[PDB]
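Worksheet: one structure, shown below.
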Amino acid sequence: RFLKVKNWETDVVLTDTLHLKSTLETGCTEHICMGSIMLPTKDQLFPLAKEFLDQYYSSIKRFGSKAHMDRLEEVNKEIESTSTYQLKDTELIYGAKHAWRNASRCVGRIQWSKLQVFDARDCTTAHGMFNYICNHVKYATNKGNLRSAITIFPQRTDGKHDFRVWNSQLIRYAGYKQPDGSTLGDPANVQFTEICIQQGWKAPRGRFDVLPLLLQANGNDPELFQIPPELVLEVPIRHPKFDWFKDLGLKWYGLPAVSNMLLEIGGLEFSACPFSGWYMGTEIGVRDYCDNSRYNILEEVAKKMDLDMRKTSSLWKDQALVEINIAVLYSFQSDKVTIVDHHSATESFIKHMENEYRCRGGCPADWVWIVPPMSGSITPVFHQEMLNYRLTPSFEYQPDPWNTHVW
Amino acid sequence: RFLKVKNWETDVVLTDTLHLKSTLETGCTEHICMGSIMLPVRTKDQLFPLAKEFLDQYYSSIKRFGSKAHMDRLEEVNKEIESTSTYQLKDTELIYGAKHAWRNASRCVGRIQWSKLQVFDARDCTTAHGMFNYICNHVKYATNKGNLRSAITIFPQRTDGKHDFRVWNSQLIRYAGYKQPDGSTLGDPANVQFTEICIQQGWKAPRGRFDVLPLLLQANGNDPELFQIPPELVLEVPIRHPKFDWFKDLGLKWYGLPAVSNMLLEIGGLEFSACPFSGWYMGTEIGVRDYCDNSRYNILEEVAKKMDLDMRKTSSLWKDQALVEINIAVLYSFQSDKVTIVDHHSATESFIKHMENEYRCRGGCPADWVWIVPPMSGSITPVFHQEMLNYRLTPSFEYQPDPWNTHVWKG
Ligand code: HEM
Ligand code: HEM
Ligand SMILES: Fc1cccc(C[C@H]2C[C@@H]2NCCc2ccnc(-n3ccnc3)n2)c1
Ligand SMILES: Fc1cccc(C[C@H]2C[C@@H]2NCCc2ccnc(-n3ccnc3)n2)c1
Ligand SMILES: C[C@H](O)[C@H](O)[C@H]1CNc2nc(N)[nH]c(=O)c2N1
Ligand SMILES: C[C@H](O)[C@H](O)[C@H]1CNc2nc(N)[nH]c(=O)c2N1
Ligand SMILES: [Zn+2]
């Protein structure tokens, strides 16, 4: 019931007590582990609200205070009469910060307490959402000195009036098919790009076209908006050795901003809650550039380096992978746009873990996601046992709106 | 109940029914996943159903389920258990069992080869000297002058727990580690403790960076005895790099035969505590883990310096750069010396095919993602994008405590 996690590089052992507060389920059973699967009412709501308020008031050293009891009081009254309740700003911010703190797949959580929270619960229209999102992008981007942020739109009422950002990220590149049968741009966004087209986007059928926002306010049909170019900070990718690298014509954006997730706090659901931090270099160079079903530029780079691509055993893929990632880090650092390498990030995360074990009694962590997609075992997290479990407040996946939307 | 795993590169979806035949616990619960945790005397009582289960499996595989031969065998095993509190496996069952423990080994990326396993039956063995001879023959057979063949040698099963056969080495072939008084380590830091035991047991240590350890062998629960593997049987490979000539001057070499000697093989309820097995190396086991782990030989810095990389900030990716050249070196050296080795691209690609073949013909393939994904360049291998289910089937290989922690010393 009290569990130990060992680091096999340092023999450091930590004891987890925090998992005993876990409420949600993992997909795993005692007969089967699903650790590598990507996705495994008034009476319902009051316990949830209670669990949250209890931990909020505990966090501000006022557990069992009259203020605490009064709040539980007031919230229960509100639920019974209204079937829902509203968070005070202090609770909202605490909840958002803790949803990040509890995000077991996020390596950047050492930063969790410095989140800037934008309260957009007063928003009513897609133009309103657009304004808030532009403000978020500009704040977070900060001319390249990135700052973590979340913007929180109104909570779900009866599920017929949901606020949704249809984009998976605020800033992504379009993807179009060709009669050539190949794929132009980012293959990840082919389907979303088409929904932009059918809704009326005028695509400039290029390779790196910043997608428009598709914004749904109050269960209404979603609308298109172009993010002001001047707010989208982009980075041309060059190598600090290979002059020919720039001729590949690669660029990437500075702001990584997840916008399709669901923020759950005290039983309330915030279906539109885009958030951003800053890039770990591998996200771009390993995943975005080298994944087969993404930009998949390995062979092209490999040829330009004149590598022996006859046999896999020359490790030409590995050699090219490294240089691409060198270039990404270099390009971002040169243009003074915040970025972290996987060595520094994972080093920070081990520090955060030990802090969390020390000051909270544990830290949920999904090893499959925390270990970087290159050079796994030369980063300290590889050797770190981790326990994965779900705490609330939380960020949850939710279905794509185009499968659900009653047009 | 059916379970689907998806490959996120190819969108190939597979369906697992095999997990239903899983009995053993995983460590995980509905509330916690222990997928990244490394490690999360049997009565006649529990023994017959374990025997029956195994023999039902055996007889299904040979298309003789429910046959008279099947029924007579259950009867025979039942009677033997009831009167002797245990039983002996036929040779055919042993072979079937060992192959299937390999097949079920969820952490082994090499399982495409599972049906090709030379099984050596050493159940007639009674002494440490006898064990040494059997292990010598295994090393010679498996090495095959560089053309490696998978093999396993099976010593007699556990009886009362007081007469265990054990190989105290973790691998048949490994280099000594020596803690120096200044806190540094000469040789392989992983084997410091075992090296000390050996020395205590009377081993005369040459005290160099690459000393092949002696075998420490326990027969029938007696105190273990030291033997030296004949050097001529230990195939080694000097590490050089195809383009960097200073690389050979690092003085590196490795042995060619990877052989695990400390696991327990469970078949039909019987426990085989000494069952050393060997395959061949995936290059990253040596180049990534053995050389570049901070807690092992740890040569990244020295390699990096000699390459004149920018080592001032990690963001130069000097570590990733040195790591790659070292792994190129390991592959180059082994191929050049005609010693069997597989790169992680080839091995993972084959595993995906194996795994897909297993879903069709078998209804599943238990796999541990945390272990199947290679310790470098993970996402440019197909396994990274492959959802996998982990569960425990028998026959199986299991961990067991190190024998120096449990052994009752005779004198
Ligand atoms: C500030 C620097 C940050 C860094 C370096 C960072 C790093 C990462 C990385 C590398 C991933 C893996 C994503 C993938 O491979 O798809 C991730 C996922 C995630 N991050 Fe962060 N992050 C940061 C900020 C944030 C913030 C501000 C939040 C929320 C307030 C957050 C919440 C999450 C969540 C919920 C996931 C899981 C996403 C999923 O399941 O697809 N992160 N993070
Ligand atoms: C023939 C080529 C083989 C290859 C390329 C191969 C590859 C591997 C690799 C890379 C690992 C991970 C080891 C680690 O990181 O500690 C492993 C583990 C394992 N393999 Fe193999 N293997 C082969 C043969 C075999 C054979 C012949 C057996 C048994 C009959 C076997 C059973 C296992 C088991 C039980 C493990 C898990 C060991 C542990 O948990 O420490 N493999 N294999
Ligand atoms: F389960 C899935 C199946 C298919 C696609 C998927 C999308 C998952 C990969 C994306 N996860 C977020 C990636 C991302 C992008 C931009 N920024 C961040 N980000 C920002 C701060 N922290 C993370 N993360 C899930
Ligand atoms: F749970 C643990 C905690 C700390 C160390 C540990 C040892 C792991 C490394 C051993 N795994 C086997 C390594 C190995 C060596 C030589 N050959 C093979 N090999 C041969 C065929 N298949 C694998 N494997 C476990
Ligand atoms: C199938 C497997 O779970 C999947 O490929 C995961 C592996 N680990 C990951 N890790 C991160 N950070 N991001 C990912 O998208 C994935 N994908
Ligand atoms: C903590 C973590 O489970 C541990 O370091 C694992 C990670 N994956 C591994 N994978 C392989 N093949 N071998 C290992 O020793 C490990 N170690
Ligand atoms: Zn699990």
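Below, chains carry the letters A, B, ... as their sequence lines are ordered, and counting in each starts from 1. Just follow the structure's listing: the first ligand is 1, and inside any ligand the first atom is 1.
Distances from ligand 1 to the non-hydrogen atoms of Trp112(A) include no value under 4.0 Å. The closest approach between any non-hydrogen atom of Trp8(B) and ligand 3 is below 4.0 Å. Contact annotation: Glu283(A) has no heavy atom less than 4.0 Å from any atom of ligand 5. In this structure, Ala257(A) has a heavy atom closer than 4.0 Å to ligand 3.
Taking the six-membered ring for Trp and thresholds of 30 and 60 degrees, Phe332(A) and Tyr279(A) have ring planes more than 60 degrees apart, a perpendicular arrangement. The aromatic rings of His354(B) and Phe351(B) are tilted relative to each other, their planes meeting at an angle between 30° and 60°.
For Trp369(A), a nitrogen or oxygen atom sits less than 3.5 Å from a nitrogen or oxygen atom of ligand 5, counting backbone and side chain alike. For ligand 5, one of its N or O atoms has an N or O atom of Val368(A) under 3.5 Å away. Remark: ligand 5 and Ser36(A) share an N or O pair separated by less than 3.5 Å (distance only, no angle test).
Side chain to side chain, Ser259(A) and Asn167(A) fail the donor-acceptor criterion of an N or O pair below 3.5 Å. A donor atom on one side chain and an acceptor atom on the other are not found under 3.5 Å apart for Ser271(A) and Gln398(A).
Salt-bridge formation is not detected for the pair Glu358(B)/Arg111(B): no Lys NZ or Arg NE/NH1/NH2 atom is positioned less than 4.0 Å from an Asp or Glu carboxylate oxygen. At a threshold of 4.0 Å, the pair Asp368(B)-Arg392(B) does not count as salt-bridged, since none of the basic side-chain nitrogens sits closer than that to a carboxylate oxygen. The pair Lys4(B)-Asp16(B) does not count as a salt bridge, with every side-chain nitrogen at least 4.0 angstrom from each carboxylate oxygen. Salt bridge present: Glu234(A) and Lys251(A) bring a charged side-chain N and a carboxylate O closer than 4.0 Å. For the pair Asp119(A) and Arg121(A), the salt-bridge criterion is met [side-chain N within less than 4.0 Å of a carboxylate O].
Of all protein heavy atoms, the one lying nearest to atom 15 (O) of ligand 1 is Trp369(A) CZ3, 4.0 Å. In terms of protein heavy-atom proximity, atom 14 (C) of ligand 5 is closest to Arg287(A) NH1, 3.4 Å. Summary of contacts: the protein heavy atom closest to atom 4 (C) of ligand 5 is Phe384(B) O, 3.6 Å. The shortest contact between atom 13 (C) of ligand 3 and any protein heavy atom is with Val258(A) CG2, 4.5 Å. The shortest contact between atom 8 (C) of ligand 3 and any protein heavy atom is with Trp369(A) CH2, 4.4 Å. What sits closest to atom 38 (C) of ligand 1 on the protein, heavy atoms only, is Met261(A) SD, 4.0 Å. Looking at atom 39 (C) of ligand 1, its nearest protein heavy atom turns out to be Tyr397(A) OH, 3.1 Å.
Heavy-atom proximity to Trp369(B), at under 4.0 Å, picks out these atoms of ligand 5: 2 (C), 7 (C). Of all the atoms in ligand 3, the ones that sit under 4.0 Å from a non-hydrogen atom of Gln169(A) are 15 (C), 16 (C). Counting the atoms of ligand 1 from 1 in the order shown, those under 4.0 Å from a heavy atom of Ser276(A) are 27 (C). Every atom of ligand 5 with a heavy atom of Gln386(B) under 4.0 Å away is listed here by number and element: 1 (C).
Screening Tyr139(A), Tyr132(A), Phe153(A) for a ring pair (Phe, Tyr, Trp, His ring centres under 6.0 Å) with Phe118(A), the sole residue that qualifies is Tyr139(A).
Both the backbone and the side chain of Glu387(B) come within 4.0 Å of ligand 5, counting heavy atoms alone. Residue contacts with ligand 1, taken as heavy atom pairs separated by less than 4.0 Å, do not involve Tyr279(A) at all. The parts of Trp278(A) lying near ligand 1 are both backbone and side chain, judged by heavy-atom distances below 4.0 Å. Only the side chain of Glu283(A) comes within contact range of ligand 1, with a heavy atom under 4.0 Å; no backbone atom does.
For atom 2 (C) of ligand 3, the nearest protein heavy atom lies closer than 4.0 Å. When distances from atom 6 (C) of ligand 3 to the protein are checked, no heavy atom turns up under 4.0 Å. For atom 15 (C) of ligand 3, the protein comes within 4.0 Å by at least one heavy atom. Within a 4.0 Å radius of atom 10 (C) of ligand 3, the protein has no heavy atom.
Among pairs with a residue in residues 374-384 of chain A, those fulfilling side-chain hydrogen bond (donor to acceptor under 3.5 Å, both in side chains) read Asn7(A)-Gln384(A), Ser375(A)-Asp320(B), at least two apart in sequence or across chains.
A search for ring-ring contact (aromatic ring centres under 6.0 Å, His included) contacts involving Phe395(A) returns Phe275(A), not counting sequence neighbours. Considering only residues two or more places apart in sequence or on other chains, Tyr389(A) meets the ring-ring contact (aromatic ring centres under 6.0 Å, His included) condition with none of them.
Shown are the protein N/O/S atoms under 2.8 Å from atom 21 (Fe) of ligand 1, given by residue and atom: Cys106(A) SG.
Formation of a donor-acceptor pair under 3.5 Å by the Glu387(B) side chain with backbone atoms of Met38(A) is found in this model.
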**OP:** Output, in order, the C-alpha distance, side-chain angles, deciding distance and verdict of side chain to side chain donor-acceptor pair (under 3.5 Å) for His136(A) and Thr151(A).
**Re:** CA-CA 7 Å; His136(A) 175 133; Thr151(A) 300; 2.8 Å; yes
